[PDB]
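Trainee: What follows is structure25.csv; its format and atoms are CSV, C-alpha atoms.
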chain,number,residue,atom,x,y,z
N,72,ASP,CA,-7.9,1.6,-22.0
N,73,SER,CA,-7.1,-2.0,-21.3
N,74,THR,CA,-8.3,-5.0,-19.3
N,75,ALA,CA,-6.0,-4.1,-16.4
N,76,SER,CA,-7.1,-0.4,-16.7
N,77,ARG,CA,-10.8,-1.2,-16.8
N,78,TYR,CA,-10.6,-3.7,-13.9
N,79,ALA,CA,-8.4,-1.6,-11.7
N,80,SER,CA,-10.7,1.4,-12.3
N,81,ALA,CA,-13.7,-0.7,-11.3
N,82,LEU,CA,-11.9,-1.8,-8.1
N,83,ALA,CA,-11.0,1.8,-7.3
N,84,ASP,CA,-14.6,2.8,-7.9
N,85,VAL,CA,-16.2,0.2,-5.7
N,86,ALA,CA,-13.5,1.0,-3.1
N,87,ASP,CA,-14.1,4.7,-3.3
N,88,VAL,CA,-17.9,4.7,-3.2
N,89,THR,CA,-17.6,3.0,0.3
N,90,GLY,CA,-14.4,4.7,1.5
N,91,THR,CA,-11.7,2.1,2.0
N,92,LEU,CA,-9.0,3.8,0.0
N,93,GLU,CA,-6.4,3.2,2.6
N,94,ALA,CA,-7.8,-0.3,3.2
N,95,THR,CA,-8.0,-1.1,-0.5
N,96,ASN,CA,-4.5,0.3,-1.0
N,97,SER,CA,-3.1,-1.9,1.7
N,98,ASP,CA,-5.1,-4.8,0.3
N,99,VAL,CA,-3.8,-4.4,-3.2
N,100,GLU,CA,-0.2,-3.9,-1.9
N,101,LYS,CA,-0.6,-7.2,0.0
N,102,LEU,CA,-2.1,-8.8,-3.1
N,103,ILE,CA,0.8,-7.7,-5.3
N,104,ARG,CA,3.3,-9.7,-3.1
N,105,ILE,CA,0.8,-12.5,-2.9
N,106,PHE,CA,0.5,-12.8,-6.7
N,107,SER,CA,4.2,-12.3,-7.1
N,108,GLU,CA,6.3,-15.3,-6.2
N,109,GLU,CA,5.4,-17.1,-9.4
N,110,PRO,CA,4.3,-20.6,-8.3
N,111,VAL,CA,1.1,-19.2,-6.8
N,112,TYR,CA,0.5,-17.0,-9.8
N,113,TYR,CA,1.0,-20.0,-12.1
N,114,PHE,CA,-1.5,-21.9,-9.9
N,115,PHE,CA,-4.2,-19.3,-10.1
N,116,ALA,CA,-3.3,-19.3,-13.8
N,117,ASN,CA,-2.8,-22.8,-15.3
N,118,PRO,CA,-6.4,-23.1,-16.6
N,119,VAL,CA,-6.2,-26.9,-16.4
N,120,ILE,CA,-6.6,-26.5,-12.6
N,121,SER,CA,-10.1,-26.9,-11.4
N,122,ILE,CA,-11.9,-23.6,-10.6
N,123,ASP,CA,-13.1,-25.1,-7.3
N,124,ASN,CA,-9.5,-25.8,-6.3
N,125,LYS,CA,-8.7,-22.2,-7.2
N,126,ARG,CA,-11.5,-20.8,-5.2
N,127,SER,CA,-10.8,-22.9,-2.1
N,128,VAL,CA,-7.3,-21.6,-1.8
N,129,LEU,CA,-8.5,-18.1,-2.7
N,130,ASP,CA,-10.9,-18.0,0.2
N,131,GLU,CA,-8.2,-19.4,2.4
N,132,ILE,CA,-5.8,-16.6,1.3
N,133,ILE,CA,-8.6,-14.1,2.1
N,134,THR,CA,-8.8,-15.6,5.6
N,135,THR,CA,-5.0,-15.7,6.2
N,136,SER,CA,-4.2,-12.2,4.9
N,137,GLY,CA,-7.3,-10.3,6.2
N,138,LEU,CA,-8.3,-8.8,2.9
N,139,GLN,CA,-11.2,-6.4,2.4
N,140,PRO,CA,-14.6,-8.0,1.5
N,141,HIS,CA,-14.8,-6.1,-1.8
N,142,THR,CA,-11.2,-6.8,-3.0
N,143,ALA,CA,-11.8,-10.4,-2.2
N,144,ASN,CA,-15.0,-10.1,-4.3
N,145,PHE,CA,-12.8,-8.6,-7.1
N,146,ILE,CA,-10.4,-11.5,-7.1
N,147,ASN,CA,-13.4,-13.9,-7.0
N,148,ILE,CA,-14.7,-12.2,-10.1
N,149,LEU,CA,-11.3,-12.4,-11.7
N,150,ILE,CA,-11.5,-16.1,-11.1
N,151,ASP,CA,-15.1,-16.3,-12.4
N,152,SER,CA,-14.5,-14.5,-15.6
N,153,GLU,CA,-11.1,-15.8,-16.7
N,154,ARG,CA,-9.1,-12.5,-16.5
N,155,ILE,CA,-6.9,-14.0,-13.7
N,156,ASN,CA,-4.0,-14.4,-16.1
N,157,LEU,CA,-3.8,-10.6,-16.2
N,158,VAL,CA,-4.0,-10.1,-12.5
N,159,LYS,CA,-0.4,-8.9,-12.3
N,160,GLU,CA,-1.2,-6.2,-14.8
N,161,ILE,CA,-4.4,-5.3,-13.0
N,162,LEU,CA,-2.6,-4.9,-9.7
N,163,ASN,CA,0.2,-2.9,-11.2
N,164,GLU,CA,-2.4,-0.6,-12.9
N,165,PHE,CA,-4.5,-0.1,-9.8
N,166,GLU,CA,-1.9,2.4,-8.3
N,167,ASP,CA,-2.4,4.9,-11.1
N,168,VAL,CA,-6.2,5.1,-10.9
N,169,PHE,CA,-5.8,5.2,-7.1
N,170,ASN,CA,-3.5,8.2,-7.5
N,171,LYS,CA,-6.0,9.8,-9.9
N,172,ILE,CA,-8.9,9.3,-7.5
N,173,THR,CA,-7.0,10.5,-4.4
N,174,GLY,CA,-5.6,13.5,-6.5
N,175,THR,CA,-2.1,12.4,-5.6
N,176,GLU,CA,0.8,12.6,-8.1
N,177,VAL,CA,3.9,10.5,-7.7
N,178,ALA,CA,7.2,11.7,-9.2
N,179,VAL,CA,10.6,10.1,-9.0
N,180,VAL,CA,13.7,12.0,-7.8
N,181,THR,CA,16.7,10.3,-9.4
N,182,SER,CA,19.6,11.9,-7.6
N,183,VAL,CA,23.2,11.0,-6.9
N,184,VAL,CA,23.4,11.3,-3.1
N,185,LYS,CA,20.7,11.6,-0.4
N,186,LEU,CA,19.0,14.8,0.6
N,187,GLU,CA,18.3,16.8,3.8
N,188,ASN,CA,14.6,16.8,2.7
N,189,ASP,CA,14.1,20.5,2.8
N,190,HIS,CA,14.9,21.0,-0.9
N,191,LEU,CA,13.0,17.8,-1.4
N,192,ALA,CA,9.9,19.3,0.2
N,193,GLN,CA,10.5,22.4,-2.0
N,194,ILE,CA,10.6,20.2,-5.1
N,195,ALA,CA,7.4,18.4,-4.0
N,196,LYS,CA,5.6,21.7,-3.4
N,197,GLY,CA,6.8,22.9,-6.8
N,198,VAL,CA,5.6,19.7,-8.6
N,199,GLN,CA,2.3,19.8,-6.8
N,200,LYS,CA,1.6,23.5,-7.7
N,201,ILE,CA,2.5,23.0,-11.4
N,202,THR,CA,0.3,19.9,-11.6
N,203,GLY,CA,-2.4,20.6,-9.1
N,204,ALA,CA,-1.5,17.8,-6.7
N,205,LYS,CA,-3.3,18.3,-3.3
N,206,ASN,CA,-0.8,15.8,-1.8
N,207,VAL,CA,2.0,14.8,-4.1
N,208,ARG,CA,3.6,11.4,-3.2
N,209,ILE,CA,7.2,12.5,-3.9
N,210,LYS,CA,9.7,9.7,-4.2
N,211,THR,CA,13.4,9.2,-4.9
N,212,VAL,CA,16.0,6.5,-5.7
N,213,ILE,CA,19.7,6.5,-5.1
N,214,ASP,CA,21.3,6.1,-8.5
N,215,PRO,CA,25.0,6.6,-9.4
N,216,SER,CA,24.2,6.6,-13.1
N,217,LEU,CA,23.5,10.3,-12.7
N,218,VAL,CA,26.4,12.8,-12.8
N,219,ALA,CA,25.8,15.8,-10.6
N,220,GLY,CA,22.3,16.7,-9.2
N,221,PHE,CA,18.7,15.7,-9.5
N,222,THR,CA,15.8,15.5,-11.9
N,223,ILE,CA,12.0,15.0,-11.7
N,224,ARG,CA,9.7,12.8,-13.7
N,225,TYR,CA,6.1,13.5,-13.2
N,226,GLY,CA,2.9,13.5,-15.3
N,227,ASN,CA,1.3,10.2,-16.3
N,228,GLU,CA,4.2,7.8,-16.0
N,229,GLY,CA,7.3,9.9,-16.3
N,230,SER,CA,5.9,12.0,-19.2
N,231,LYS,CA,7.5,15.3,-18.1
N,232,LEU,CA,11.0,16.0,-17.1
N,233,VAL,CA,13.4,18.8,-16.1
N,234,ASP,CA,17.0,17.8,-15.6
N,235,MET,CA,20.1,19.5,-14.3
N,236,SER,CA,22.8,16.8,-13.8
N,237,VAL,CA,23.8,15.8,-17.4
N,238,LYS,CA,21.8,18.2,-19.5
N,239,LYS,CA,24.6,20.7,-19.4
N,240,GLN,CA,27.3,18.4,-20.8
N,241,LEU,CA,24.7,17.2,-23.3
N,242,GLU,CA,24.1,20.7,-24.6
N,243,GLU,CA,27.8,21.5,-24.4
N,244,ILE,CA,28.7,18.5,-26.7
N,245,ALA,CA,25.7,19.4,-28.9
N,246,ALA,CA,26.9,23.0,-29.2
N,247,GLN,CA,30.5,22.1,-30.0
N,248,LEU,CA,29.2,19.5,-32.5
N,249,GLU,CA,27.3,22.3,-34.3
N,250,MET,CA,25.4,19.6,-36.2
Q,6,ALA,CA,1.5,-13.8,4.2
Q,7,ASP,CA,2.6,-17.0,2.4
Q,8,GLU,CA,5.4,-17.5,5.0
Q,9,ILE,CA,2.6,-17.7,7.5
Q,10,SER,CA,0.3,-19.6,5.2
Q,11,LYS,CA,3.0,-22.1,4.4
Q,12,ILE,CA,0.4,-24.9,4.6
Q,13,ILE,CA,-1.6,-23.2,2.0
Q,14,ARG,CA,1.5,-22.7,-0.1
Q,15,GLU,CA,2.4,-26.4,0.1
Q,16,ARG,CA,-1.2,-27.3,-0.9
Q,17,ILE,CA,-0.7,-24.9,-3.9
Q,18,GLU,CA,2.5,-26.7,-4.8
Q,19,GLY,CA,0.7,-30.1,-4.5
Q,20,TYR,CA,-2.1,-28.9,-6.7
Q,21,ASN,CA,0.5,-27.5,-9.2
Q,22,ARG,CA,2.6,-30.6,-9.4
Q,23,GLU,CA,-0.3,-32.7,-10.8
Q,24,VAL,CA,-0.4,-30.6,-13.9
Q,25,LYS,CA,3.2,-29.8,-14.9
Q,26,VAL,CA,4.4,-33.4,-15.5
Q,27,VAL,CA,7.3,-33.7,-17.9
Q,28,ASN,CA,6.4,-34.7,-21.5
Q,29,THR,CA,2.7,-34.6,-20.6
Q,30,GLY,CA,0.1,-32.1,-21.8
Q,31,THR,CA,-3.6,-31.6,-21.5
Q,32,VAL,CA,-6.1,-31.0,-24.3
Q,33,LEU,CA,-7.4,-27.4,-24.1
Q,34,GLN,CA,-9.5,-27.4,-27.3
Q,35,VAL,CA,-9.9,-30.0,-30.1
Q,36,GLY,CA,-11.8,-29.9,-33.4
Q,37,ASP,CA,-11.3,-30.3,-37.1
Q,38,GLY,CA,-8.0,-32.1,-36.8
Q,39,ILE,CA,-6.4,-29.3,-34.6
Q,40,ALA,CA,-5.8,-29.6,-30.9
Q,41,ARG,CA,-4.6,-27.0,-28.4
Q,42,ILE,CA,-2.5,-28.6,-25.7
Q,43,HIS,CA,-1.6,-27.1,-22.3
Q,44,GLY,CA,1.8,-28.3,-21.1
Q,45,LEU,CA,4.4,-30.2,-23.0
Q,46,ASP,CA,7.1,-27.8,-22.0
Q,47,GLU,CA,9.9,-30.0,-23.3
Q,48,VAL,CA,8.6,-30.8,-26.7
Q,49,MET,CA,10.4,-30.4,-30.0
Q,50,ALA,CA,8.9,-28.6,-33.0
Q,51,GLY,CA,7.6,-31.4,-35.3
Q,52,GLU,CA,7.7,-34.0,-32.6
Q,53,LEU,CA,5.1,-36.8,-32.3
Q,54,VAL,CA,2.4,-36.7,-29.6
Q,55,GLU,CA,0.0,-39.4,-28.5
Q,56,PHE,CA,-3.6,-38.8,-27.4
Q,57,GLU,CA,-4.6,-41.8,-25.1
Q,58,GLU,CA,-6.7,-43.2,-27.9
Q,59,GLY,CA,-3.7,-43.8,-30.2
Q,60,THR,CA,-4.4,-40.8,-32.4
Q,61,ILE,CA,-1.0,-39.3,-33.2
Q,62,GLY,CA,-0.3,-35.6,-33.7
Q,63,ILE,CA,2.6,-33.3,-34.6
Q,64,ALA,CA,3.6,-30.3,-32.6
Q,65,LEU,CA,4.0,-27.6,-35.2
Q,66,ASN,CA,2.9,-24.5,-33.3
Q,67,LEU,CA,4.8,-24.1,-30.0
Q,68,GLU,CA,3.2,-20.9,-28.6
Q,69,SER,CA,4.2,-19.4,-25.2
Q,70,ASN,CA,1.2,-21.0,-23.4
Q,71,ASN,CA,-0.3,-23.7,-25.5
Q,72,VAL,CA,0.8,-26.0,-28.4
Q,73,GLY,CA,-1.1,-26.4,-31.6
Output the file's structure as structure tokens, nothing else.

Mentor:
Amino acid sequence: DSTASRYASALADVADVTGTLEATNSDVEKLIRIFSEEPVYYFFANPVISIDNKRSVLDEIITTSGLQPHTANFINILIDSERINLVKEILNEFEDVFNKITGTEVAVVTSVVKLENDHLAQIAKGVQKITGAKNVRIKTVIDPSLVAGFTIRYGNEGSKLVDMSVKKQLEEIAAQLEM
Amino acid sequence: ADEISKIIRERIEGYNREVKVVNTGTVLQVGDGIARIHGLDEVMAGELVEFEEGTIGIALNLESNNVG
């Protein structure tokens, strides 16, 4: 694994044993924008700064943003054992272990134009039956870099892929190249 | 929620500004003639540094976070 992986899995475990999965997801989504905006991240980093000055502001952020009492405990421990310089990685990693625990898959639909959502629900149902997702969190982006249609990227990160926008001209140029 | 906790944000800025002074670092570790310094963002490689006791050093190792 990794430090981010092992810490995010511990957070998801302590947030699943006492069910706050929606609450801890909202809390980590608030914490991702808190620990973005790089001055405050530098401040909780920058080990020259006193730990007490870190912890004062950390408790005040707990108060102002209404965080959960176990996610606040998690960031207190990230301050205690100096893994706070990886907190961006830990928060970016928490979403994957959260999707593993909630059995959700998340798969991008890079298309050209928007959809009427019926074929999108069809694609979501297909990608949830082929992967065993009890509730796939299908997503999409509007990208003009594509040519014609759509493609799905599911699995771990984007590990699997079926594509019908540009694959046909790719195989046509490969076939006429005959090399 | 920082736009709401703007007072907390300004206190964070005030805490930060004490540490990131220009041409000023802070000793992280020191022993056996080697020092690790936090800061000194605008230091040249091979520049001379001073250590508040008159001990002089040379910045040979400019890593991303510290300076050897």

Trainee: I'd like to know which of N:94, N:186, N:146, N:132 is closest to chain Q, using only C-alpha atoms.

Mentor: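 Of N:94, N:186, N:146, N:132, the one nearest chain Q, counting only C-alpha atoms, is N:132.
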
Trainee: Point out the residue among N:98, N:82, N:92, N:77 with the least atom-to-atom distance to chain Q, counting all atoms listed in the file.

Mentor: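 Between N:98, N:82, N:92, N:77, the residue approaching chain Q most closely is N:98.
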
Trainee: Taking 5 positions as the minimum chain separation for residues in the same chain, which residues sit within 9 Å of residue N:115 when counting all atoms listed in the file? Answer as a PyMOL selection string.

Mentor: chain N and resi 106+110+120+122+125-126+129+150+155-156

Trainee: How would the residues just picked look written out with C-alpha atoms as a PDB file, keeping the file's coordinate frame?

Mentor:
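Below you can see part.pdb, which holds the result:
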ATOM      1  CA  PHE N 106       0.500 -12.800  -6.700  1.00  0.00           C
ATOM      2  CA  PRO N 110       4.300 -20.600  -8.300  1.00  0.00           C
ATOM      3  CA  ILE N 120      -6.600 -26.500 -12.600  1.00  0.00           C
ATOM      4  CA  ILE N 122     -11.900 -23.600 -10.600  1.00  0.00           C
ATOM      5  CA  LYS N 125      -8.700 -22.200  -7.200  1.00  0.00           C
ATOM      6  CA  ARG N 126     -11.500 -20.800  -5.200  1.00  0.00           C
ATOM      7  CA  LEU N 129      -8.500 -18.100  -2.700  1.00  0.00           C
ATOM      8  CA  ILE N 150     -11.500 -16.100 -11.100  1.00  0.00           C
ATOM      9  CA  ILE N 155      -6.900 -14.000 -13.700  1.00  0.00           C
ATOM     10  CA  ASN N 156      -4.000 -14.400 -16.100  1.00  0.00           C
TER      11      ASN N 156
END

Trainee: Interatomic distance between atom CA of residue N:153 and atom CA of residue N:118?

Mentor: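 Computing the Euclidean distance for atom CA of residue N:153 and atom CA of residue N:118 yields 8.7 Å.
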
Trainee: Using only C-alpha atoms, find each residue in chain N having at least one atom no more than 12 Å away from chain Q; report its shortest atom-to-atom pair and that distance in Å (one decimal), rows by chain then rising number, as JSON lines.

Mentor:
{"residue": "N:98", "atom": "CA", "partner": "Q:6", "partner_atom": "CA", "distance": 11.8}
{"residue": "N:100", "atom": "CA", "partner": "Q:6", "partner_atom": "CA", "distance": 11.8}
{"residue": "N:101", "atom": "CA", "partner": "Q:6", "partner_atom": "CA", "distance": 8.1}
{"residue": "N:102", "atom": "CA", "partner": "Q:6", "partner_atom": "CA", "distance": 9.6}
{"residue": "N:103", "atom": "CA", "partner": "Q:6", "partner_atom": "CA", "distance": 11.3}
{"residue": "N:104", "atom": "CA", "partner": "Q:6", "partner_atom": "CA", "distance": 8.6}
{"residue": "N:105", "atom": "CA", "partner": "Q:7", "partner_atom": "CA", "distance": 7.2}
{"residue": "N:106", "atom": "CA", "partner": "Q:7", "partner_atom": "CA", "distance": 10.2}
{"residue": "N:107", "atom": "CA", "partner": "Q:7", "partner_atom": "CA", "distance": 10.7}
{"residue": "N:108", "atom": "CA", "partner": "Q:7", "partner_atom": "CA", "distance": 9.5}
{"residue": "N:109", "atom": "CA", "partner": "Q:18", "partner_atom": "CA", "distance": 11.0}
{"residue": "N:110", "atom": "CA", "partner": "Q:18", "partner_atom": "CA", "distance": 7.3}
{"residue": "N:111", "atom": "CA", "partner": "Q:17", "partner_atom": "CA", "distance": 6.6}
{"residue": "N:112", "atom": "CA", "partner": "Q:17", "partner_atom": "CA", "distance": 9.9}
{"residue": "N:113", "atom": "CA", "partner": "Q:21", "partner_atom": "CA", "distance": 8.1}
{"residue": "N:114", "atom": "CA", "partner": "Q:21", "partner_atom": "CA", "distance": 6.0}
{"residue": "N:115", "atom": "CA", "partner": "Q:17", "partner_atom": "CA", "distance": 9.1}
{"residue": "N:116", "atom": "CA", "partner": "Q:21", "partner_atom": "CA", "distance": 10.1}
{"residue": "N:117", "atom": "CA", "partner": "Q:24", "partner_atom": "CA", "distance": 8.3}
{"residue": "N:118", "atom": "CA", "partner": "Q:43", "partner_atom": "CA", "distance": 8.5}
{"residue": "N:119", "atom": "CA", "partner": "Q:24", "partner_atom": "CA", "distance": 7.3}
{"residue": "N:120", "atom": "CA", "partner": "Q:24", "partner_atom": "CA", "distance": 7.5}
{"residue": "N:121", "atom": "CA", "partner": "Q:20", "partner_atom": "CA", "distance": 9.5}
{"residue": "N:122", "atom": "CA", "partner": "Q:20", "partner_atom": "CA", "distance": 11.8}
{"residue": "N:123", "atom": "CA", "partner": "Q:20", "partner_atom": "CA", "distance": 11.7}
{"residue": "N:124", "atom": "CA", "partner": "Q:20", "partner_atom": "CA", "distance": 8.0}
{"residue": "N:125", "atom": "CA", "partner": "Q:17", "partner_atom": "CA", "distance": 9.1}
{"residue": "N:126", "atom": "CA", "partner": "Q:17", "partner_atom": "CA", "distance": 11.6}
{"residue": "N:127", "atom": "CA", "partner": "Q:13", "partner_atom": "CA", "distance": 10.1}
{"residue": "N:128", "atom": "CA", "partner": "Q:13", "partner_atom": "CA", "distance": 7.0}
{"residue": "N:129", "atom": "CA", "partner": "Q:13", "partner_atom": "CA", "distance": 9.8}
{"residue": "N:130", "atom": "CA", "partner": "Q:13", "partner_atom": "CA", "distance": 10.8}
{"residue": "N:131", "atom": "CA", "partner": "Q:13", "partner_atom": "CA", "distance": 7.6}
{"residue": "N:132", "atom": "CA", "partner": "Q:10", "partner_atom": "CA", "distance": 7.8}
{"residue": "N:133", "atom": "CA", "partner": "Q:6", "partner_atom": "CA", "distance": 10.3}
{"residue": "N:134", "atom": "CA", "partner": "Q:10", "partner_atom": "CA", "distance": 9.9}
{"residue": "N:135", "atom": "CA", "partner": "Q:10", "partner_atom": "CA", "distance": 6.7}
{"residue": "N:136", "atom": "CA", "partner": "Q:6", "partner_atom": "CA", "distance": 6.0}
{"residue": "N:137", "atom": "CA", "partner": "Q:6", "partner_atom": "CA", "distance": 9.7}
{"residue": "N:138", "atom": "CA", "partner": "Q:6", "partner_atom": "CA", "distance": 11.1}
{"residue": "N:156", "atom": "CA", "partner": "Q:70", "partner_atom": "CA", "distance": 11.1}

Trainee: Excluding same-chain residues fewer than 4 positions from residue N:180, what lies within 8 Å of it counting all atoms listed in the file, as a list in words?

Mentor: residues 209, 210, 211, 212, 221, 222, 223 and 224 of chain N

Trainee: Using all atoms listed in the file, pick whichever of N:192, N:158, N:83, N:246 has the shortest atom-to-atom distance to residue N:207.

Mentor: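 Checking each candidate against residue N:207, we get N:192 as the closest.
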
Trainee: With distances taken over all atoms listed in the file, which of Q:26, Q:63, Q:73, Q:55 is nearest to residue Q:39?

Mentor: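 Using all atoms listed in the file, the shortest distance to residue Q:39 belongs to Q:73.
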